[PDB]
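Chemist: I'd like to ask some things about the structure below.
Throughout, read-outs are computed from the coordinates displayed, never taken from laboratory work. Cβ: placed from backbone, ideal geometry, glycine included. Neighbour counts: every protein chain shown.
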Amino acid sequence: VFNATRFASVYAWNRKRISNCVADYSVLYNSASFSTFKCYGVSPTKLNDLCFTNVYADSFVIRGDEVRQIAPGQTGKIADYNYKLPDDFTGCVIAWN
Amino acid sequence: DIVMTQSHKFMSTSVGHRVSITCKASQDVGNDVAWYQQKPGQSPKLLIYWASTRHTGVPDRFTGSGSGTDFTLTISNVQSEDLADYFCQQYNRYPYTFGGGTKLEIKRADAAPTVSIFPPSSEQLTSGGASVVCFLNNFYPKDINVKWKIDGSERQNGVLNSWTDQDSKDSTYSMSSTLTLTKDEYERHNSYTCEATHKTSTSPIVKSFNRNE
Amino acid sequence: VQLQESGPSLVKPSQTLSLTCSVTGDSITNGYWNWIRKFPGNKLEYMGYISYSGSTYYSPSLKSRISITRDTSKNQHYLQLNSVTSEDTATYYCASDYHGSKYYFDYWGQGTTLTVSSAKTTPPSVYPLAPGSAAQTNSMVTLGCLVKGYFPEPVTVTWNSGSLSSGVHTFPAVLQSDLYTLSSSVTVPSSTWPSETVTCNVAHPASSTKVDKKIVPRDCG
Amino acid sequence: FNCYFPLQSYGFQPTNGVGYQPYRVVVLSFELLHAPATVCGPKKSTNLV
């Protein structure tokens with residue numbers, strides 16, 4: 001999902017449905033290869049010791065001036081018009097150049 | 001915002017002593033923790049990126065580690081010219097949230113301070129101000145617990161402290177303590193007492209004068 | 001490459017802010033040059049940034065009253081803030097936000113302290129510190145002078161117009177409740193004092209005012 | 001003429017810095033509801049003697 005050949009935009013993004021697999025976050029949290037690392041809601045240590053229901057992977061490419069709006073409780077040209085996260089967002093945002 | 005709260009504001013490190021500056025983040029930022037280096041008289045530059053890789057042109061004595069939330073800088077075999085300010089911040093997204101910062105100092109031998117007091121000028125009352133400063137020289141450490149005594153009464157409000165770089169003569173520091181007084185507070189008081197608390201002896205340095213000569 | 005900050009330091013409220021940062025050693029063709037202001041007390045806040053193409057973006061702390069411009073012909077970039085107030089009283093720094101070889105590099109400059117208040121222009125009054133009868137004398141003599149009642153920042157402080165450099169320790173300006181003030185001290189040995197005259201010269205470049213004050217070994221002849 | 005494009009295009013250049021660099025953003029969404037928790041990793045790493 002990070003080294004994908006093709007992708008979509010920030011408003012017509014393809015939701016990569018992830019199901020029936022073990023989500024190992026050890027190769028993504030402490031890999032020292034992702035520049036933007038935002039987390040909201042809860043700590044990322046609880047994302048590996050507590051089970052959740054639905055996990056979706058929204059893969060899109062956006063610039064750094066509009067990557068700050070992908071957060072609960074923001075505004076702008078993306079957080080109100082293109083892609084908005086819910087207020088009860090207990091996930092993380094991982095991106096790389 | 002993710003504020004990089006530091007654990008210590010100062011640390012006494014000698015020549016060759018390992019520096020340990022720990023910054024505690026309220027939110028996990030992965031590995032995007034950088035450090036600054038603000039030398040007195042020079043420009044602040046970035047030193048460590050990804051908490052382990054140094055800057056180009058810098059020797060390999062500056063390194064560190066950290067993962068997730070517990071980031072600790074590890075400077076092995078430091079020198080006397082590396083006295084600078086180290087700040088904790090992030091570079092994952094905009095805006096860049098900055099912390100307080102940690103200022104280092106060279107660990108040397110203890111020395112008794114030399115308090116030099118000065119009488120205020122008579123032209124300050126004509127202009128409408130008041131300023132009396134006490135200077136300290138050849139002391140250790142930098143955080144000298146010096147308190148002002150105004151006619152026997154202690155006063156801490158309005159005390160303006162400032163510090164400079166270390167001296168190259170005997171590896172000592174210098175400081176200043178400017179006290180700001182109004183027009184009514186300057187005429188009702190005549191005696192100014194500056195007492196510096198040190199660790200070399202139990203008898204402090206007491207300096208006082210009379211403004212009416 | 002060394003950055004140099006400049007611009008006016010006295011801006012009235014409800015006006016248009018204007019600063020100028022010059023970049024020497026590298027043209028505006030790769031990377032970013034951002035604006036970071038510094039409050040008194042080790043408090044930093046991000047303002048904005050701009051590339052070499054012309055497109056910019058603002059910080060989430062301000063809503064719409066900040067615009068950032070650039071100039072590729074003179075290798076400079078400006079900062080513009082509308083409807084300023086007392087919260088904008090900070091020392092603006094300029095940086096270099098650029099990457100290379102899968103790493104990030106950044107370096108700051110000298111900074112320009114800007115004060116936005118209702119204070120007017122005041123010429124400086126230098127008050128020298130002459131030793132009295134209760135002064136302590138030894139082989140190392142310490143002298144100094146005080147600056148109080150000047151506006152605005154910055155000023156210059158030297159000794160004997162640059163002739164005395166032994167033991168000179170200049171302190172930065174700290175803001176009081178009303179105006180700014182400084183402090184300065186110099187430790188001279190017995191071979192120079194009272195053989196040489198110590199003159200504390202503090203000049204004001206913002207108002208072209210230079211007040212010369214000498215220090216005499218009271219009581220002298 | 002009279003053909004405006006509100007869907008403006010992005011800009012990605014190698015000469016730009018970290019401000020306009022392409023970020024492969026992968027949002028890790030999590031949600032708890034009345035449905036049973038299924039996809040967060042059903043097993044973990046343990047040991048045995």
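Let's see how each residue does on (1) free of Cβ contacts under 8 Å to residues at least 60 places away in the same chain; (2) out of contact with any strand residue (DSSP E or B) (no Cβ under 8 Å at 6 or more places or on another chain):
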| position | (1), (2) |
| --- | --- |
| C:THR69 | yes, no |
| C:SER73 | yes, yes |
| C:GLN80 | no, no |
| C:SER101 | yes, yes |
| C:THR121 | no, no |
| C:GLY162 | yes, yes |
| C:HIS169 | yes, no |
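Chemist: Residues of segment A:36-55 being among the hydroxyl-bearing types (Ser, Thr, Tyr) and either free of Cβ contacts under 8 Å to residues at least 24 places away in the same chain or buried (at least 19 other Cβ atoms within 10 Å of the Cβ) (or both), which ones?
Modeler: Within segment A:36-55, A:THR36, A:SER43, A:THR45, A:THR53 meet the criteria.
Chemist: Quick one: count up the residues across segment B:159-211 that are in contact with a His (Cβ under 9 Å, 6 or more places away or on another chain), more than 10 Å from chain C (Cβ to nearest Cβ) and either among the aliphatic types (A, V, I, L, M) or in contact (Cβ under 8 Å) with a residue 40 or more places away in the chain (or both).
Modeler: The number of residues fulfilling the criteria is 1.
Chemist: What single numbered condition from (1) at the interface with another protein chain (Cβ under 8 Å from one of its Cβ atoms); (2) closer than 30 Å to B:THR22 by Cβ; (3) in contact (Cβ under 8 Å) with a residue 60 or more places away in the chain fails to hold for B:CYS88?
Modeler: (1)
Chemist: For segment D:2-35, name all the residues that are assigned to a loop (DSSP other than H, G, I, E, B) and within 7 Å of chain A (Cβ to nearest Cβ).
Modeler: Of segment D:2-35, the ones assigned to a loop (DSSP other than H, G, I, E, B) are D:2-22, D:29-35.
Passing the criteria: D:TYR10, D:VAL18, D:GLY19, D:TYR20, D:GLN21, D:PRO22, D:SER29, D:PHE30, D:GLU31, D:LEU32, D:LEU33, D:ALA35.
Chemist: Of all residues in segment B:15-47, which are small (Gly, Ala, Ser) and either within 14 Å of chain A (Cβ to nearest Cβ) or assigned to a loop (DSSP other than H, G, I, E, B) (or both)?
Modeler: Selection gives B:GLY16, B:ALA25, B:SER26, B:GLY30, B:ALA34, B:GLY41, B:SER43.
Chemist: Report, by residue number, each residue of segment C:93-118 that is more than 14 Å from chain B (Cβ to nearest Cβ) and not polar (S, T, N, Q).
Modeler: Of everything in segment C:93-118, those that are more than 14 Å from chain B (Cβ to nearest Cβ) and not polar (S, T, N, Q) turn out to be C:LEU114, C:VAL116.
Chemist: Do you know which residues across segment C:25-73 are more than 10 Å from chain B (Cβ to nearest Cβ), assigned to a strand (DSSP E or B) and under 27 Å from the mean Cα position of the chain (by Cα)?
Modeler: Those that are more than 10 Å from chain B (Cβ to nearest Cβ), assigned to a strand (DSSP E or B) and under 27 Å from the mean Cα position of the chain (by Cα): C:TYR32, C:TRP35, C:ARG37, C:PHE39, C:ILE50, C:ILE66, C:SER67, C:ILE68, C:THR69, C:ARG70, C:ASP71.
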